[PDB]
file protein.pdb (PDB, C-alpha atoms and all ligand atoms)
MODEL        1
ATOM      1  CA  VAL T  97     -41.281  16.522  -6.750
ATOM      2  CA  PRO T  98     -41.976  12.942  -7.924
ATOM      3  CA  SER T  99     -43.885  10.927  -5.336
ATOM      4  CA  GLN T 100     -41.867   8.294  -3.512
ATOM      5  CA  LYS T 101     -44.874   6.760  -1.791
ATOM      6  CA  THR T 102     -44.786   2.936  -1.908
ATOM      7  CA  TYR T 103     -47.809   1.638  -3.885
ATOM      8  CA  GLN T 104     -48.190  -2.085  -4.498
ATOM      9  CA  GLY T 105     -51.384  -1.471  -6.382
ATOM     10  CA  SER T 106     -53.669  -4.060  -7.948
ATOM     11  CA  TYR T 107     -50.861  -6.393  -9.115
ATOM     12  CA  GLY T 108     -48.988  -6.473  -5.799
ATOM     13  CA  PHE T 109     -45.891  -4.787  -7.233
ATOM     14  CA  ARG T 110     -42.697  -4.540  -5.153
ATOM     15  CA  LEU T 111     -38.922  -4.738  -5.676
ATOM     16  CA  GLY T 112     -36.426  -7.432  -4.719
ATOM     17  CA  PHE T 113     -32.610  -7.245  -4.857
ATOM     18  CA  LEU T 114     -29.440  -9.291  -5.400
ATOM     19  CA  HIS T 115     -25.837  -9.033  -4.199
ATOM     20  CA  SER T 116     -23.551  -8.795  -7.250
ATOM     21  CA  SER T 121     -14.985  -7.777  -4.875
ATOM     22  CA  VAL T 122     -18.491  -6.377  -4.410
ATOM     23  CA  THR T 123     -19.963  -4.505  -7.366
ATOM     24  CA  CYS T 124     -23.518  -4.244  -5.999
ATOM     25  CA  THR T 125     -25.024  -4.891  -2.543
ATOM     26  CA  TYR T 126     -28.434  -4.208  -0.998
ATOM     27  CA  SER T 127     -29.177  -3.380   2.645
ATOM     28  CA  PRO T 128     -32.753  -4.328   3.590
ATOM     29  CA  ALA T 129     -32.315  -2.521   6.913
ATOM     30  CA  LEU T 130     -31.503   0.765   5.176
ATOM     31  CA  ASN T 131     -33.548  -0.014   2.001
ATOM     32  CA  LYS T 132     -30.371   1.142   0.273
ATOM     33  CA  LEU T 133     -28.436  -0.149  -2.717
ATOM     34  CA  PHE T 134     -24.626   0.418  -2.710
ATOM     35  CA  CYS T 135     -22.980   0.052  -6.118
ATOM     36  CA  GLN T 136     -19.863   0.767  -8.114
ATOM     37  CA  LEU T 137     -19.915   3.166 -11.064
ATOM     38  CA  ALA T 138     -21.432   1.668 -14.228
ATOM     39  CA  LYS T 139     -21.584  -1.915 -12.863
ATOM     40  CA  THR T 140     -24.567  -4.281 -13.224
ATOM     41  CA  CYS T 141     -27.251  -3.729 -10.573
ATOM     42  CA  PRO T 142     -29.885  -6.513 -10.703
ATOM     43  CA  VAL T 143     -33.257  -5.183  -9.577
ATOM     44  CA  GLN T 144     -36.125  -7.654  -9.363
ATOM     45  CA  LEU T 145     -39.723  -6.897 -10.127
ATOM     46  CA  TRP T 146     -42.187  -9.020  -8.156
ATOM     47  CA  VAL T 147     -45.958  -9.069  -8.728
ATOM     48  CA  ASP T 148     -48.777 -11.248  -7.341
ATOM     49  CA  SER T 149     -50.599 -11.185 -10.691
ATOM     50  CA  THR T 150     -49.290 -10.372 -14.179
ATOM     51  CA  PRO T 151     -50.010  -6.825 -15.417
ATOM     52  CA  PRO T 152     -51.517  -6.346 -18.913
ATOM     53  CA  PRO T 153     -49.361  -6.438 -22.042
ATOM     54  CA  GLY T 154     -48.173  -2.930 -22.830
ATOM     55  CA  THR T 155     -47.216  -2.425 -19.200
ATOM     56  CA  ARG T 156     -43.975  -0.401 -18.801
ATOM     57  CA  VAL T 157     -41.326  -0.020 -16.085
ATOM     58  CA  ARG T 158     -39.820   3.427 -15.409
ATOM     59  CA  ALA T 159     -36.725   4.176 -13.314
ATOM     60  CA  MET T 160     -36.026   7.713 -12.124
ATOM     61  CA  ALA T 161     -33.606   9.238  -9.616
ATOM     62  CA  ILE T 162     -34.494  12.074  -7.183
ATOM     63  CA  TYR T 163     -32.678  13.711  -4.268
ATOM     64  CA  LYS T 164     -33.847  12.205  -0.970
ATOM     65  CA  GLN T 165     -34.064  15.537   0.874
ATOM     66  CA  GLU T 171     -33.539  19.902  -8.266
ATOM     67  CA  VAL T 172     -32.949  17.410 -11.089
ATOM     68  CA  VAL T 173     -30.521  14.513 -10.534
ATOM     69  CA  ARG T 174     -28.027  14.349 -13.411
ATOM     70  CA  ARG T 175     -24.421  13.345 -14.128
ATOM     71  CA  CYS T 176     -21.653  15.747 -13.161
ATOM     72  CA  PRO T 177     -19.866  17.466 -16.088
ATOM     73  CA  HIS T 178     -16.977  14.984 -15.921
ATOM     74  CA  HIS T 179     -19.128  11.870 -16.204
ATOM     75  CA  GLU T 180     -21.200  13.223 -19.094
ATOM     76  CA  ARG T 181     -17.918  12.530 -20.891
ATOM     77  CA  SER T 185     -21.226   5.031 -23.315
ATOM     78  CA  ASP T 186     -23.599   2.827 -25.323
ATOM     79  CA  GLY T 187     -24.874   5.542 -27.652
ATOM     80  CA  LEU T 188     -28.359   5.035 -26.225
ATOM     81  CA  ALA T 189     -28.424   6.697 -22.812
ATOM     82  CA  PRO T 190     -28.100  10.486 -23.064
ATOM     83  CA  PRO T 191     -24.856  11.720 -21.449
ATOM     84  CA  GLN T 192     -26.808  13.629 -18.779
ATOM     85  CA  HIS T 193     -28.744  10.550 -17.619
ATOM     86  CA  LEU T 194     -27.572   9.028 -14.319
ATOM     87  CA  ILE T 195     -29.468   5.735 -14.812
ATOM     88  CA  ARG T 196     -28.850   3.446 -17.751
ATOM     89  CA  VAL T 197     -30.385   0.038 -18.473
ATOM     90  CA  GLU T 198     -28.095  -2.790 -19.478
ATOM     91  CA  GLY T 199     -29.049  -5.662 -21.769
ATOM     92  CA  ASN T 200     -32.459  -4.451 -22.935
ATOM     93  CA  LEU T 201     -33.004  -3.693 -26.629
ATOM     94  CA  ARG T 202     -36.064  -1.608 -25.918
ATOM     95  CA  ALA T 203     -34.937   0.993 -23.398
ATOM     96  CA  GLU T 204     -36.404   4.489 -23.867
ATOM     97  CA  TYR T 205     -34.535   7.478 -22.418
ATOM     98  CA  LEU T 206     -36.882  10.296 -21.537
ATOM     99  CA  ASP T 207     -36.756  13.904 -20.362
ATOM    100  CA  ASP T 208     -39.918  15.396 -18.832
ATOM    101  CA  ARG T 209     -40.909  18.504 -20.815
ATOM    102  CA  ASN T 210     -42.031  20.331 -17.651
ATOM    103  CA  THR T 211     -39.765  19.129 -14.796
ATOM    104  CA  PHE T 212     -36.726  18.305 -16.929
ATOM    105  CA  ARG T 213     -36.282  15.090 -14.929
ATOM    106  CA  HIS T 214     -34.690  12.111 -16.678
ATOM    107  CA  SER T 215     -35.963   8.525 -16.636
ATOM    108  CA  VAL T 216     -35.448   5.269 -18.476
ATOM    109  CA  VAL T 217     -38.318   2.978 -19.388
ATOM    110  CA  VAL T 218     -38.386  -0.619 -20.582
ATOM    111  CA  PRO T 219     -41.371  -2.823 -21.450
ATOM    112  CA  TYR T 220     -42.514  -4.993 -18.564
ATOM    113  CA  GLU T 221     -41.864  -8.695 -19.264
ATOM    114  CA  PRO T 222     -43.325 -11.599 -17.207
ATOM    115  CA  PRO T 223     -40.834 -13.874 -15.399
ATOM    116  CA  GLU T 224     -38.956 -16.467 -17.460
ATOM    117  CA  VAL T 225     -40.194 -20.064 -17.591
ATOM    118  CA  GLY T 226     -38.972 -21.220 -14.182
ATOM    119  CA  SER T 227     -38.252 -17.862 -12.545
ATOM    120  CA  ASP T 228     -40.628 -16.088 -10.163
ATOM    121  CA  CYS T 229     -39.591 -12.477 -10.762
ATOM    122  CA  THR T 230     -38.467 -10.220 -13.600
ATOM    123  CA  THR T 231     -34.928  -8.836 -13.428
ATOM    124  CA  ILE T 232     -33.800  -5.533 -14.936
ATOM    125  CA  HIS T 233     -30.116  -4.540 -14.984
ATOM    126  CA  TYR T 234     -29.359  -0.916 -14.148
ATOM    127  CA  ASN T 235     -26.039   0.965 -14.182
ATOM    128  CA  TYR T 236     -25.445   4.255 -12.306
ATOM    129  CA  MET T 237     -23.135   6.544 -14.273
ATOM    130  CA  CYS T 238     -21.943   9.076 -11.668
ATOM    131  CA  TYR T 239     -20.764   8.848  -8.015
ATOM    132  CA  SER T 240     -22.749  10.062  -5.042
ATOM    133  CA  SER T 241     -19.690  12.162  -4.098
ATOM    134  CA  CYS T 242     -19.287  13.868  -7.480
ATOM    135  CA  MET T 243     -18.987  17.643  -7.235
ATOM    136  CA  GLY T 244     -21.160  19.256  -9.908
ATOM    137  CA  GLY T 245     -23.420  16.226  -9.750
ATOM    138  CA  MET T 246     -25.000  14.722  -6.638
ATOM    139  CA  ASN T 247     -22.192  16.252  -4.544
ATOM    140  CA  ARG T 248     -22.726  13.921  -1.554
ATOM    141  CA  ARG T 249     -26.505  14.447  -1.333
ATOM    142  CA  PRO T 250     -28.397  11.150  -0.939
ATOM    143  CA  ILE T 251     -30.616  10.059  -3.828
ATOM    144  CA  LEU T 252     -33.529   7.694  -4.293
ATOM    145  CA  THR T 253     -34.397   5.555  -7.319
ATOM    146  CA  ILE T 254     -38.152   5.432  -7.928
ATOM    147  CA  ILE T 255     -39.418   2.482  -9.949
ATOM    148  CA  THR T 256     -42.922   2.824 -11.326
ATOM    149  CA  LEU T 257     -45.058   0.180 -12.999
ATOM    150  CA  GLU T 258     -47.168   2.007 -15.656
ATOM    151  CA  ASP T 259     -49.733   1.290 -18.390
ATOM    152  CA  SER T 260     -49.106   2.175 -22.036
ATOM    153  CA  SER T 261     -50.413   5.689 -21.434
ATOM    154  CA  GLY T 262     -48.128   6.363 -18.501
ATOM    155  CA  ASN T 263     -50.780   5.872 -15.790
ATOM    156  CA  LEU T 264     -49.526   4.601 -12.448
ATOM    157  CA  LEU T 265     -50.045   0.892 -11.696
ATOM    158  CA  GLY T 266     -47.503   0.532  -8.889
ATOM    159  CA  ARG T 267     -44.489   2.125  -7.222
ATOM    160  CA  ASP T 268     -41.510   1.148  -5.069
ATOM    161  CA  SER T 269     -38.239   2.890  -4.336
ATOM    162  CA  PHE T 270     -34.817   2.503  -2.736
ATOM    163  CA  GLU T 271     -31.993   4.799  -1.718
ATOM    164  CA  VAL T 272     -28.788   4.401  -3.734
ATOM    165  CA  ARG T 273     -25.173   5.254  -3.001
ATOM    166  CA  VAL T 274     -22.866   4.964  -6.027
ATOM    167  CA  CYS T 275     -19.411   4.533  -4.529
ATOM    168  CA  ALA T 276     -16.029   2.878  -5.095
ATOM    169  CA  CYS T 277     -16.304   0.341  -2.226
ATOM    170  CA  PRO T 278     -20.022  -0.691  -1.928
ATOM    171  CA  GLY T 279     -19.406  -3.525   0.556
ATOM    172  CA  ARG T 280     -17.263  -1.353   2.815
ATOM    173  CA  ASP T 281     -19.635   1.623   2.749
ATOM    174  CA  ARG T 282     -22.681  -0.607   3.376
ATOM    175  CA  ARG T 283     -21.003  -2.066   6.473
ATOM    176  CA  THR T 284     -20.086   1.375   7.733
ATOM    177  CA  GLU T 285     -23.625   2.697   7.358
ATOM    178  CA  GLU T 286     -25.282  -0.391   8.860
ATOM    179  CA  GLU T 287     -22.900  -0.402  11.814
ATOM    180  CA  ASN T 288     -23.637   3.281  12.362
ATOM    181  CA  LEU T 289     -27.359   2.563  12.090
ATOM    182  CA  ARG T 290     -26.891  -0.089  14.762
ATOM    183  CA  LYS T 291     -24.900   2.365  16.900
TER
HETATM  184 ZN    ZN S 301     -19.646  12.223 -11.678
ENDMDL
END
call {"tool": "encode", "arguments": {"input": "protein.pdb", "output": "structure tokens", "more": "lines below"}}
Ligand SMILES: [Zn+2]
result
Amino acid sequence: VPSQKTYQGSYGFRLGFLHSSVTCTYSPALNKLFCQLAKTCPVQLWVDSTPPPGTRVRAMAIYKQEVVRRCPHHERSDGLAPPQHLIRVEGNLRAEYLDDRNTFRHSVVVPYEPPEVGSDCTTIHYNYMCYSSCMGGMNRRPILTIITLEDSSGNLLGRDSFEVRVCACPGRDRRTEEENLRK
């Protein structure tokens, strides 16, 4: 099972989020992102110092409590992300879709890019292609997205993660879960 241990590492790597009708909303209290199917999910990459050129950013989904993949229905597109992949990157011409030869787990990698002239963090846009409730897919089991900062050889430089619930009413479900957390 892929490690989900938070690791800021030498560059002080950690994630930040943005609220995007609600299509995407993040709960700091639950460290959980609630999002609609296939909509833009802005995830920010924050570092204290800039990693070396050739640095890469990998996103992978795992069950919080077995490979995470789309249910048969949602496998059926940009012609880049394999139909079985739950996580897709939006607006990046250099996304690589990978399947581990040993664990069969899917992941999508993009080159790490320093913040834009004026901005303090790097934003990557992700899309989740199947619902948390999908039978034959996640079937209501909670999942986690693990983001790893890596060197050109795949060595770990940093790691952060967040739970994700892909659902039809992100704002409503976030409120329900936070209220219940409070309860
Ligand atoms: Zn599905």
call {"tool": "residues_near_ligand", "arguments": {"input": "protein.pdb", "ligand": "ligand ZN 301 (chain S)", "cutoff": "7 Å", "atoms": "all atoms listed in the file", "output": "NGL selection string"}}
result
:T and (175-179 or 238-239 or 242 or 245)
call {"tool": "residues_around", "arguments": {"input": "protein.pdb", "residues": "residue 204 in chain T", "least_positions_apart": "2", "cutoff": "7 Å", "atoms": "all atoms listed in the file", "output": "short mmCIF file (atom, residue, chain, number, x, y, z; two decimals) with C-alpha atoms, keeping the file's coordinate frame"}}
result
data_model
loop_
_atom_site.label_atom_id
_atom_site.label_comp_id
_atom_site.auth_asym_id
_atom_site.auth_seq_id
_atom_site.Cartn_x
_atom_site.Cartn_y
_atom_site.Cartn_z
CA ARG T 202 -36.06 -1.61 -25.92
CA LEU T 206 -36.88 10.30 -21.54
CA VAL T 216 -35.45 5.27 -18.48
CA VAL T 217 -38.32 2.98 -19.39
CA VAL T 218 -38.39 -0.62 -20.58
#
call {"tool": "closest_residue", "arguments": {"input": "protein.pdb", "among": "T:208, T:259, T:198, T:171", "to": "residue 142 in chain T", "atoms": "all atoms listed in the file"}}
result
T:198
call {"tool": "residues_around", "arguments": {"input": "protein.pdb", "residues": "range 253-258 of chain T", "least_positions_apart": "6", "cutoff": "7 Å", "atoms": "all atoms listed in the file", "output": "compact mmCIF listing (two decimals) with C-alpha atoms, in the coordinates of the input"}}
result
# COMPACT_ATOMS: atom_id res chain seq x y z
CA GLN T 100 -41.87 8.29 -3.51
CA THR T 155 -47.22 -2.42 -19.20
CA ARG T 156 -43.98 -0.40 -18.80
CA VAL T 157 -41.33 -0.02 -16.08
CA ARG T 158 -39.82 3.43 -15.41
CA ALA T 159 -36.72 4.18 -13.31
CA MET T 160 -36.03 7.71 -12.12
CA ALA T 161 -33.61 9.24 -9.62
CA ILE T 162 -34.49 12.07 -7.18
CA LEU T 264 -49.53 4.60 -12.45
CA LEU T 265 -50.04 0.89 -11.70
CA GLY T 266 -47.50 0.53 -8.89
CA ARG T 267 -44.49 2.12 -7.22
CA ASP T 268 -41.51 1.15 -5.07
CA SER T 269 -38.24 2.89 -4.34
CA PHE T 270 -34.82 2.50 -2.74
CA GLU T 271 -31.99 4.80 -1.72
CA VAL T 272 -28.79 4.40 -3.73
call {"tool": "closest_residue", "arguments": {"input": "protein.pdb", "among": "T:106, T:192, T:240, T:99", "to": "residue 277 in chain T", "atoms": "only C-alpha atoms"}}
result
T:240
call {"tool": "decode", "arguments": {"input": "protein.pdb", "residues": "range 244-279 of chain T", "atoms": "N, CA, C and O atoms", "output": "PDB file, in the first residue's frame"}}
result
ATOM      1  N   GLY T 244     -19.129  -0.904  -8.420  1.00  0.00           N
ATOM      2  CA  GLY T 244     -18.206  -1.411  -9.425  1.00  0.00           C
ATOM      3  C   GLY T 244     -16.964  -0.536  -9.492  1.00  0.00           C
ATOM      4  O   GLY T 244     -16.021  -0.810 -10.241  1.00  0.00           O
ATOM      5  N   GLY T 245     -16.976   0.536  -8.705  1.00  0.00           N
ATOM      6  CA  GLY T 245     -15.848   1.445  -8.650  1.00  0.00           C
ATOM      7  C   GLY T 245     -15.457   1.586  -7.193  1.00  0.00           C
ATOM      8  O   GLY T 245     -15.072   0.605  -6.559  1.00  0.00           O
ATOM      9  N   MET T 246     -15.568   2.793  -6.647  1.00  0.00           N
ATOM     10  CA  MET T 246     -15.219   3.021  -5.250  1.00  0.00           C
ATOM     11  C   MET T 246     -16.314   2.497  -4.316  1.00  0.00           C
ATOM     12  O   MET T 246     -16.062   2.214  -3.143  1.00  0.00           O
ATOM     13  N   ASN T 247     -17.521   2.364  -4.857  1.00  0.00           N
ATOM     14  CA  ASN T 247     -18.678   1.844  -4.128  1.00  0.00           C
ATOM     15  C   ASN T 247     -18.822   2.320  -2.676  1.00  0.00           C
ATOM     16  O   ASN T 247     -18.973   1.515  -1.749  1.00  0.00           O
ATOM     17  N   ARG T 248     -18.776   3.641  -2.505  1.00  0.00           N
ATOM     18  CA  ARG T 248     -18.920   4.314  -1.213  1.00  0.00           C
ATOM     19  C   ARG T 248     -17.758   4.228  -0.218  1.00  0.00           C
ATOM     20  O   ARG T 248     -17.867   4.713   0.908  1.00  0.00           O
ATOM     21  N   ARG T 249     -16.649   3.617  -0.627  1.00  0.00           N
ATOM     22  CA  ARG T 249     -15.476   3.521   0.242  1.00  0.00           C
ATOM     23  C   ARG T 249     -14.682   4.821   0.099  1.00  0.00           C
ATOM     24  O   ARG T 249     -14.432   5.281  -1.016  1.00  0.00           O
ATOM     25  N   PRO T 250     -14.281   5.435   1.221  1.00  0.00           N
ATOM     26  CA  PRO T 250     -13.517   6.685   1.110  1.00  0.00           C
ATOM     27  C   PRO T 250     -12.126   6.513   0.497  1.00  0.00           C
ATOM     28  O   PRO T 250     -11.434   5.519   0.752  1.00  0.00           O
ATOM     29  N   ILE T 251     -11.726   7.476  -0.328  1.00  0.00           N
ATOM     30  CA  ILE T 251     -10.398   7.419  -0.938  1.00  0.00           C
ATOM     31  C   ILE T 251      -9.558   8.625  -0.566  1.00  0.00           C
ATOM     32  O   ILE T 251     -10.064   9.663  -0.113  1.00  0.00           O
ATOM     33  N   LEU T 252      -8.260   8.474  -0.779  1.00  0.00           N
ATOM     34  CA  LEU T 252      -7.286   9.524  -0.516  1.00  0.00           C
ATOM     35  C   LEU T 252      -6.492   9.796  -1.793  1.00  0.00           C
ATOM     36  O   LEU T 252      -6.204   8.862  -2.546  1.00  0.00           O
ATOM     37  N   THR T 253      -6.152  11.060  -2.040  1.00  0.00           N
ATOM     38  CA  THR T 253      -5.301  11.395  -3.171  1.00  0.00           C
ATOM     39  C   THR T 253      -3.945  11.694  -2.533  1.00  0.00           C
ATOM     40  O   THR T 253      -3.847  12.497  -1.593  1.00  0.00           O
ATOM     41  N   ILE T 254      -2.911  11.018  -3.023  1.00  0.00           N
ATOM     42  CA  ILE T 254      -1.555  11.196  -2.530  1.00  0.00           C
ATOM     43  C   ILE T 254      -0.772  11.968  -3.573  1.00  0.00           C
ATOM     44  O   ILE T 254      -0.650  11.523  -4.724  1.00  0.00           O
ATOM     45  N   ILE T 255      -0.241  13.123  -3.188  1.00  0.00           N
ATOM     46  CA  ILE T 255       0.558  13.908  -4.135  1.00  0.00           C
ATOM     47  C   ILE T 255       2.011  13.803  -3.709  1.00  0.00           C
ATOM     48  O   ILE T 255       2.361  14.130  -2.561  1.00  0.00           O
ATOM     49  N   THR T 256       2.864  13.343  -4.620  1.00  0.00           N
ATOM     50  CA  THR T 256       4.272  13.216  -4.285  1.00  0.00           C
ATOM     51  C   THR T 256       5.145  14.077  -5.171  1.00  0.00           C
ATOM     52  O   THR T 256       4.949  14.132  -6.391  1.00  0.00           O
ATOM     53  N   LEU T 257       6.087  14.774  -4.542  1.00  0.00           N
ATOM     54  CA  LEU T 257       7.064  15.580  -5.267  1.00  0.00           C
ATOM     55  C   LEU T 257       8.228  14.587  -5.488  1.00  0.00           C
ATOM     56  O   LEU T 257       8.690  13.957  -4.535  1.00  0.00           O
ATOM     57  N   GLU T 258       8.683  14.419  -6.733  1.00  0.00           N
ATOM     58  CA  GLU T 258       9.737  13.434  -7.027  1.00  0.00           C
ATOM     59  C   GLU T 258      10.841  13.988  -7.922  1.00  0.00           C
ATOM     60  O   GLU T 258      10.616  14.987  -8.621  1.00  0.00           O
ATOM     61  N   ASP T 259      12.019  13.348  -7.911  1.00  0.00           N
ATOM     62  CA  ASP T 259      13.098  13.780  -8.803  1.00  0.00           C
ATOM     63  C   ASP T 259      12.897  13.073 -10.144  1.00  0.00           C
ATOM     64  O   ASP T 259      11.962  12.290 -10.296  1.00  0.00           O
ATOM     65  N   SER T 260      13.773  13.327 -11.113  1.00  0.00           N
ATOM     66  CA  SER T 260      13.596  12.714 -12.420  1.00  0.00           C
ATOM     67  C   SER T 260      13.634  11.200 -12.414  1.00  0.00           C
ATOM     68  O   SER T 260      13.112  10.565 -13.331  1.00  0.00           O
ATOM     69  N   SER T 261      14.233  10.613 -11.384  1.00  0.00           N
ATOM     70  CA  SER T 261      14.312   9.158 -11.301  1.00  0.00           C
ATOM     71  C   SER T 261      13.170   8.539 -10.512  1.00  0.00           C
ATOM     72  O   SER T 261      13.110   7.315 -10.344  1.00  0.00           O
ATOM     73  N   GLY T 262      12.267   9.376 -10.010  1.00  0.00           N
ATOM     74  CA  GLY T 262      11.156   8.845  -9.247  1.00  0.00           C
ATOM     75  C   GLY T 262      11.381   8.811  -7.741  1.00  0.00           C
ATOM     76  O   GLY T 262      10.519   8.350  -7.015  1.00  0.00           O
ATOM     77  N   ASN T 263      12.540   9.269  -7.278  1.00  0.00           N
ATOM     78  CA  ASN T 263      12.831   9.308  -5.841  1.00  0.00           C
ATOM     79  C   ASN T 263      11.980  10.350  -5.118  1.00  0.00           C
ATOM     80  O   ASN T 263      11.743  11.451  -5.608  1.00  0.00           O
ATOM     81  N   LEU T 264      11.532   9.993  -3.929  1.00  0.00           N
ATOM     82  CA  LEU T 264      10.694  10.880  -3.135  1.00  0.00           C
ATOM     83  C   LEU T 264      11.399  12.144  -2.621  1.00  0.00           C
ATOM     84  O   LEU T 264      12.473  12.059  -2.012  1.00  0.00           O
ATOM     85  N   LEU T 265      10.784  13.301  -2.866  1.00  0.00           N
ATOM     86  CA  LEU T 265      11.282  14.580  -2.390  1.00  0.00           C
ATOM     87  C   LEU T 265      10.294  15.166  -1.385  1.00  0.00           C
ATOM     88  O   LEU T 265      10.682  15.939  -0.521  1.00  0.00           O
ATOM     89  N   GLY T 266       9.019  14.788  -1.489  1.00  0.00           N
ATOM     90  CA  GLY T 266       8.019  15.309  -0.577  1.00  0.00           C
ATOM     91  C   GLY T 266       6.679  14.633  -0.803  1.00  0.00           C
ATOM     92  O   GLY T 266       6.448  14.063  -1.873  1.00  0.00           O
ATOM     93  N   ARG T 267       5.804  14.680   0.201  1.00  0.00           N
ATOM     94  CA  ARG T 267       4.496  14.056   0.077  1.00  0.00           C
ATOM     95  C   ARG T 267       3.431  14.738   0.940  1.00  0.00           C
ATOM     96  O   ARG T 267       3.691  15.167   2.090  1.00  0.00           O
ATOM     97  N   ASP T 268       2.231  14.852   0.373  1.00  0.00           N
ATOM     98  CA  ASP T 268       1.088  15.389   1.109  1.00  0.00           C
ATOM     99  C   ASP T 268      -0.116  14.626   0.560  1.00  0.00           C
ATOM    100  O   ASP T 268      -0.036  13.987  -0.500  1.00  0.00           O
ATOM    101  N   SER T 269      -1.225  14.662   1.275  1.00  0.00           N
ATOM    102  CA  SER T 269      -2.391  13.949   0.800  1.00  0.00           C
ATOM    103  C   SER T 269      -3.661  14.581   1.339  1.00  0.00           C
ATOM    104  O   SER T 269      -3.613  15.402   2.262  1.00  0.00           O
ATOM    105  N   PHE T 270      -4.792  14.204   0.748  1.00  0.00           N
ATOM    106  CA  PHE T 270      -6.095  14.693   1.187  1.00  0.00           C
ATOM    107  C   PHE T 270      -7.160  13.676   0.808  1.00  0.00           C
ATOM    108  O   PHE T 270      -7.024  12.945  -0.189  1.00  0.00           O
ATOM    109  N   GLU T 271      -8.211  13.601   1.611  1.00  0.00           N
ATOM    110  CA  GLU T 271      -9.294  12.685   1.313  1.00  0.00           C
ATOM    111  C   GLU T 271     -10.112  13.376   0.218  1.00  0.00           C
ATOM    112  O   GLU T 271     -10.073  14.596   0.086  1.00  0.00           O
ATOM    113  N   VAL T 272     -10.826  12.601  -0.592  1.00  0.00           N
ATOM    114  CA  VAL T 272     -11.633  13.193  -1.647  1.00  0.00           C
ATOM    115  C   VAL T 272     -12.972  12.483  -1.709  1.00  0.00           C
ATOM    116  O   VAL T 272     -13.043  11.269  -1.534  1.00  0.00           O
ATOM    117  N   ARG T 273     -14.037  13.250  -1.908  1.00  0.00           N
ATOM    118  CA  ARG T 273     -15.354  12.663  -2.099  1.00  0.00           C
ATOM    119  C   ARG T 273     -15.856  13.283  -3.399  1.00  0.00           C
ATOM    120  O   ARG T 273     -16.043  14.508  -3.487  1.00  0.00           O
ATOM    121  N   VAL T 274     -16.025  12.451  -4.422  1.00  0.00           N
ATOM    122  CA  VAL T 274     -16.532  12.931  -5.718  1.00  0.00           C
ATOM    123  C   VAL T 274     -18.037  12.700  -5.582  1.00  0.00           C
ATOM    124  O   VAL T 274     -18.499  11.563  -5.397  1.00  0.00           O
ATOM    125  N   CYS T 275     -18.793  13.786  -5.645  1.00  0.00           N
ATOM    126  CA  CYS T 275     -20.229  13.715  -5.441  1.00  0.00           C
ATOM    127  C   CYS T 275     -20.958  14.803  -6.216  1.00  0.00           C
ATOM    128  O   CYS T 275     -20.359  15.788  -6.626  1.00  0.00           O
ATOM    129  N   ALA T 276     -22.267  14.632  -6.382  1.00  0.00           N
ATOM    130  CA  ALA T 276     -23.084  15.580  -7.135  1.00  0.00           C
ATOM    131  C   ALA T 276     -23.276  16.960  -6.478  1.00  0.00           C
ATOM    132  O   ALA T 276     -23.378  17.974  -7.182  1.00  0.00           O
ATOM    133  N   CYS T 277     -23.336  16.998  -5.149  1.00  0.00           N
ATOM    134  CA  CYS T 277     -23.513  18.267  -4.426  1.00  0.00           C
ATOM    135  C   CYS T 277     -22.404  18.437  -3.378  1.00  0.00           C
ATOM    136  O   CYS T 277     -22.634  18.235  -2.179  1.00  0.00           O
ATOM    137  N   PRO T 278     -21.193  18.825  -3.826  1.00  0.00           N
ATOM    138  CA  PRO T 278     -20.009  19.033  -2.973  1.00  0.00           C
ATOM    139  C   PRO T 278     -20.252  19.950  -1.758  1.00  0.00           C
ATOM    140  O   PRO T 278     -19.884  19.609  -0.633  1.00  0.00           O
ATOM    141  N   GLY T 279     -20.860  21.109  -2.005  1.00  0.00           N
ATOM    142  CA  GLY T 279     -21.126  22.059  -0.928  1.00  0.00           C
ATOM    143  C   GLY T 279     -22.044  21.494   0.138  1.00  0.00           C
ATOM    144  O   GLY T 279     -21.807  21.660   1.338  1.00  0.00           O
TER     145      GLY T 279
END
